[PDB]
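Structure, as C-alpha cells:
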DNA sequence: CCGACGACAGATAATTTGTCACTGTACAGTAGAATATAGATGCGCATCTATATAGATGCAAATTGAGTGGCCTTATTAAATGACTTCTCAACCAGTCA
Ligand SMILES: [Mg+2]
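So this is what it looks like as C-alpha cells:
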C-alpha cells in the first residue's frame, strides 16, 4: 500500500531538464524551446444539431514547456492521426 | 440574622469565518456495444372458386313433295278428214264397106 502511495517532489525554480527515451535530457531554456503534445478523450457525450447522441470528442493540446502556456488545441470527433 | 433567587454588569471559550502550509490523486487510447427475442409488415407463389361459355343433342311444329282414293249417258243415220282390205288391168278372127 505504501509503494503505491509514494509522492514525488517537482521541478523547483527556473531550471527544467526533459528526459527522452534516448537517455538524453533536453535543457528547456526559453519560450518555444520545447513544445509537447498527446491526445485524450473528453468526458462529455455530445449531440448533433438535432439533439441525438454522437460520441465523446477527442482533445489535442500543444503546450510550451518553459511557460506551461497552452499554445494550441484541436477538438473534434475525429481520430488521433498524423493529420490531427 | 441567615439562606435563596432575580437584575445588571463583566469576563470567557464554543462557533463560525478566514488565511496558510502540506498533500493524495488523476492526466495518462477506450463502454457504446454485442446478442438474443417477439411482433408487425410486405412480396411472392400456389390453390382454389365462380363465370362463361360454343358445340352437340333431343324434340316439336311447318311445311313440302310425293303419293293414293273416289266420282263419271248411249244407240242409230248422214257428211267431212285421215287410214286399211279386196278386185280388175286378153289379143285376132269373123262379118261389112267405099
Ligand atoms: Mg498518448
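In the authors' numbering, the protein residues as written are 168 to 251.
Cβ atoms here follow ideal geometry from the backbone N, Cα and C, with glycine treated the same way.
Following a CB-centred definition, is residue 205 positioned closer than 7 Å to any heavy atom of ligand 1? yes
If you check the beta carbons only, do residue 221 and residue 211 fall under 8 Å apart? no
Just how far apart, CA to CA, sit residue 244 and residue 219? 15 Å
Please check the pair residue 204 and residue 182, which I expect to be a contact at CB under 8 Å, by giving their CB distance rounded to whole angstroms. The pair is not a contact, with the Cβ atoms about 23 Å apart (cut-off 8 Å).
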